[PDB]
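Student:
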Amino acid sequence: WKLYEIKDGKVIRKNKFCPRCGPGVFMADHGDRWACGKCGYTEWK
Amino acid sequence: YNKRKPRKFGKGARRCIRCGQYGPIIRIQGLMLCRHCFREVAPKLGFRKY
Amino acid sequence: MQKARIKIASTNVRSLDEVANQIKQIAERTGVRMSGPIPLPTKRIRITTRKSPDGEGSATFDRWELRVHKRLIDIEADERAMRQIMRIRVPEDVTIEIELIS
Amino acid sequence: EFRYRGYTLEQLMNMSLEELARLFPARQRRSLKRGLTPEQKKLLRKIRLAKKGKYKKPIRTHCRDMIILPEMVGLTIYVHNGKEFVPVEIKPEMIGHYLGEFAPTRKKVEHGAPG
Amino acid sequence: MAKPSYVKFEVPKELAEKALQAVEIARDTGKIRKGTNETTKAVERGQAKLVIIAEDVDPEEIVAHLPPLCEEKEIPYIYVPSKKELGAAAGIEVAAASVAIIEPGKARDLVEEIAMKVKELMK
RNA sequence: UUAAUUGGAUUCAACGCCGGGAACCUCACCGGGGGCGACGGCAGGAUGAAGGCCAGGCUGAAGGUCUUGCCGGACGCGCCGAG
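Residue numbers (the deposited numbering), protein chains in the order written: chain AX, 5 to 49; chain AQ, 6 to 55; chain AM, 1 to 102; chain AU, 5 to 119; chain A5, 1 to 123.
1. For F89 (chain AU), which three-state DSSP category applies?
2. Please list the partners that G41 (chain AX) has in chain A5, where partner means a Cβ-to-Cβ separation under 7 Å.
3. Write down the C-beta distance between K49 (chain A5) and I114 (chain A5) rounded to the nearest angstrom, noting that I regard them as a contact closer than 8 Å.
4. Give me the residue from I62 (chain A5), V51 (chain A5), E103 (chain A5) with the minimum Cα distance to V118 (chain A5).
5. Could you spell out the range, first to last residue, of the beta strand (DSSP E) harbouring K43 (chain AM)?
6. Using a Cβ-Cβ distance cut-off of 7 Å, determine whether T36 (chain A5) contacts chain AX.
7. Among residues of its own chain, excluding the 5 on either side of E43 (chain AU), which ones have a beta-carbon nearer than 7 Å to its beta-carbon?
8. Look up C70 (chain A5) in the DSSP assignment and say whether it is helix, strand or coil.
9. Just to confirm, is the Cβ distance from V29 (chain AX) to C22 (chain AX) under 7 Å?
10. Identify which residue in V68 (chain AM), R80 (chain AM), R87 (chain AM) has its Cα closest to the Cα of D93 (chain AM).
11. Any heavy atom of the ligand FAD closer than 6 Å to the Cβ of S58 (chain AM)?
12. Could you check the C-alpha separation between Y55 (chain AQ) and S102 (chain AM) for me, to the nearest Å?
13. Within the same chain, show all residues whose beta-carbon is closer than 6 Å to that of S35 (chain AM), passing over the 5 residues directly before and after it, in chain order.
14. State yes or no: is the beta carbon of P27 (chain AX) nearer than 7 Å to at least one beta carbon in chain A5?
15. Residue range of the alpha helix (DSSP H) that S15 (chain AM) falls in?
16. Can the beta-carbon of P118 (chain AU) be found closer than 7 Å to that of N85 (chain AU)?
17. What residues from chain AQ crowd round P53 (chain AM), counting only those whose CB sits closer than 7 Å?
18. Pull up the DSSP beta-bridge partners for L72 (chain AM), would you.
19. Use the C-beta contact count for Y77 (chain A5): other C-beta atoms within 10 angstroms, 16 or more gives buried, fewer gives exposed.
20. Suppose the cutoff is 8 Å on Cβ atoms and the five residues either side in sequence are ignored; what does the same chain contact list for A22 (chain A5) look like?
21. At a Cβ cut of 9 Å, what residues of the stretch 11 to 23 of chain AM count as close to chain AQ, listed as they run along the chain?
22. Given a threshold of 16 other Cβ atoms within 10 Å of its Cβ, counted over all protein chains shown, does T29 (chain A5) qualify as buried or as exposed?
23. In chain order, what residues of the same chain lie with their CB nearer than 7 Å to the CB of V43 (chain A5), ignoring the 5 residues before and after it?
24. Are the CB atoms of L13 (chain AU) and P74 (chain AU) within a distance shorter than 7 Å?
25. Is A107 (chain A5) helix, strand or coil when you go by DSSP?
26. State the Cα-Cα distance for the pair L47 (chain AU) and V94 (chain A5), rounded to the nearest angstrom.
27. Please tell me whether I62 (chain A5) has its Cβ less than 7 Å away from any Cβ of chain AX.
28. Between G35 (chain AQ) and chain AM, is any beta-carbon pair separated by less than 7 Å?
29. So which residues on chain AM does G51 (chain AQ) lean against when the C-beta distance must stay under 8 Å?
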């Protein structure tokens, strides 16, 4: 719940959705990259 | 991390069905049984004394 | 000319002789030539093992034997003769394997 | 100067792995050909980029059967003898010998009066 | 008592009871997602059909984001006065901040009814 | 002697013996690394897993440890007994 912000009637997601699995899969905010540990997939920013 | 490693050779790869002894398991055509177990079951397999 | 080769194997001798006898009666009842049952060499499986469970005592060894006898019967082609063999009651110990040879 | 197979260590550095294993005895070359263990290769990476300096950790290993290459010369490695990772210091003559030969896993056996 | 900030309409007691009965029936013979986290995950996926929200949730930010979230995704959301009521209706001993129904089961006849009784509330 | 030569076995009747197999196993020895004790009870609860997992420092490596941050979506640790 803490990873969904809302302004002006639209939902902002604090972290990027991982395309491998689908929606509801946030990403790890490390600054230098976007990482998801479900499979250890990293996309460098 | 609790699984035992695979072994296709050596004593650890082999284990008696009945008692689980890792050691003497005779394999004349594939019995797969401990040697001491064999004594009480040989007649049940049909073996006789001559 | 076409032939059927039948190999009949059993640990029990008497079961094997009964199977051979009824095969003979079938083959002579259908009037089709049969090669007499050739008793092929009997297999003697041998296993020796030390009697004592632990390592104590005199070196004692026990011998265990399995004598399995097999026989060969060759018959000449006749579909009538081959129809009656699948109805032969075969004991649980006797294994019959049949091949067809030209 | 150090000479192995008729060549020096600094000449041994620049040869490829296949020729270098050709210079080796049959057993070590056979083990190299059949493939290093994945832990062997992880440890090879560790020491290789430790030579370049990036890995500043003290290097220790269990790979008693690691075969020392000429390029590894000039380093320190702690090899497990069974209780501790005893150090060994790599010199140019290391080439052609396993690690487990060198760590004492059997201490000295002195003898006294009979019981 | 003052209504929380996220409130956009006043749900009658009877409507809240019907929502609780719908929660129970959808639990019995359907599918419900328990927890505001899973409610958000379902509404974002679009699978949610009706979202029940408690009105005595101490931290507002747990349920602050639900009303505009359901409005934007065009799924009815209804309120119930007590979080413990929603937990009891959800068949769990802990208190459920919100429940998102997925399979109405036998509560469709309520939920669809509740739909207009929710759509009239925002007007 | 050992970090270990695991333990057992004794004159015949222990001593190519338990082992009809001592390179990892065989393990039952030594040193080191990591890890689950079910079920009934207390408490906690999901406001998110207990498992996974990057980047990496420490660990022989192994998300093993640790900062790490997201996850699959759902209840599991400490004790009382007790397996």
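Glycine is no exception: its CB is placed at the ideal position from the N, C-alpha and C atoms.
Tutor: Here's the rundown:
1. Numbered from 1 along the fourth sequence, position 85 holds the residue referred to as residue 89 (chain AU). Of the three classes helix, strand and coil, the one that applies to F89 (chain AU) here is strand, per DSSP.
2. For the purposes of this step, residue 41 (chain AX) is identified with residue 37 of the first sequence, where counting begins at 1. Within 7 Å Cβ-Cβ: nothing; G41 (chain AX) doesn't reach chain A5, min ~18 Å.
3. Stepping through the fifth sequence from its first residue, residue 49 (chain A5) is reached at position 49. Stepping through the fifth sequence from its first residue, residue 114 (chain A5) is reached at position 114. The C-beta distance from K49 (chain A5) to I114 (chain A5) rounds to 10 Å, too long to meet the 8 Å contact threshold.
4. Reading the fifth sequence from its first residue, position 118 is the one you call residue 118 (chain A5). Of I62 (chain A5), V51 (chain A5), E103 (chain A5), the smallest CA-CA separation from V118 (chain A5) is found for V51 (chain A5).
5. One-based indexing of the third sequence puts residue 43 (chain AM) at position 43. For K43 (chain AM), the uninterrupted beta strand (DSSP E) segment begins and ends at 34 to 50.
6. Translated into the one-based positions of the fifth sequence, residue 36 (chain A5) becomes position 36. It does: the Cβ of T36 (chain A5) has a partner Cβ on chain AX nearer than 7 Å.
7. For the purposes of this step, residue 43 (chain AU) is taken as residue 39 along the fourth sequence, with counting starting at 1. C67, listed in sequence order.
8. Numbered from its first residue, the fifth sequence carries residue 70 (chain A5) at position 70. Helix.
9. The count along the first sequence starts at 1 and reaches residue 29 (chain AX) at position 25. The count along the first sequence starts at 1 and reaches residue 22 (chain AX) at position 18. In this structure, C22 (chain AX) lies closer than 7 Å to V29 (chain AX) by Cβ.
10. Sequence index remark: in the third sequence, residue 93 (chain AM) carries index 93 (1-based). Nearest C-alpha to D93 (chain AM): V68 (chain AM).
11. By its list of ligands, the structure shown contains no ligand whatsoever, and the ligand FAD lies outside what it can speak to.
12. As a position in the second sequence, residue 55 (chain AQ) is number 50, starting the count at 1. As a position in the third sequence, residue 102 (chain AM) is number 102, starting the count at 1. The straight-line gap from Cα to Cα measures roughly 43 Å.
13. Counting from one through the third sequence, the residue named residue 35 (chain AM) turns up at place 35. Excluding residues within five positions, the ones whose Cβ falls inside 6 Å are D74.
14. Mapped onto the first sequence, residue 27 (chain AX) falls at position 23. With 7 Å as the cut-off, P27 (chain AX) counts as an interface residue toward chain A5.
15. Along the third sequence, read from residue 1 onward, the residue named residue 15 (chain AM) stands at position 15. 13 to 29 is the span of the alpha helix (DSSP H), which, as asked, contains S15 (chain AM).
16. Position 114 of the fourth sequence holds residue 118 (chain AU). Position 81 of the fourth sequence holds residue 85 (chain AU). The answer is no: Cβ separation not under 7 Å.
17. Taking the third sequence and counting its residues from 1, the one referred to as residue 53 (chain AM) is at position 53. Within 7 Å Cβ-Cβ: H41.
18. Taking the third sequence and counting its residues from 1, the one referred to as residue 72 (chain AM) is at position 72. The partner list for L72 (chain AM) (beta bridge, DSSP) reads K7 (chain AM), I38 (chain AM).
19. Here residue 77 (chain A5) is taken as the residue at index 77 of the fifth sequence, counted from 1. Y77 (chain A5) is buried by the Cβ-count criterion.
20. Position 22 of the fifth sequence, counted from the first residue, corresponds to residue 22 (chain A5). Cβ within range, chain order: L50, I52, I101, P104, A107, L110, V111, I114.
21. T11
22. Counting from one through the fifth sequence, the residue named residue 29 (chain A5) turns up at place 29. Exposed: under 16 other Cβ atoms inside 10 Å.
23. Mapped onto the fifth sequence, residue 43 (chain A5) falls at position 43. If we look at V43 (chain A5) and ignore the five residues flanking it on each side, its Cβ neighbours are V51, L69, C70, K73, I75, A100.
24. Residue numbering aside, residue 74 (chain AU) sits at position 70 when the fourth sequence is read from its first letter. Residue numbering aside, residue 13 (chain AU) sits at position 9 when the fourth sequence is read from its first letter. A contact, by the Cβ cut-off of 7 Å.
25. Taking the fifth sequence and counting its residues from 1, the one referred to as residue 107 (chain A5) is at position 107. It is coil, neither helix nor strand.
26. Translated into the one-based positions of the fourth sequence, residue 47 (chain AU) becomes position 43. Translated into the one-based positions of the fifth sequence, residue 94 (chain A5) becomes position 94. When the Cα atoms are used, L47 (chain AU) and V94 (chain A5) turn out to be separated by approximately 51 Å.
27. One-based indexing of the fifth sequence puts residue 62 (chain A5) at position 62. At least one chain AX Cβ lies under 7 Å of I62 (chain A5).
28. Taking the second sequence and counting its residues from 1, one reaches residue 35 (chain AQ) at position 30. By this cut-off, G35 (chain AQ) is not an interface position.
29. Translated into positions along the second sequence, residue 51 (chain AQ) becomes position 46. Those are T11, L66, listed as they occur along chain AM.
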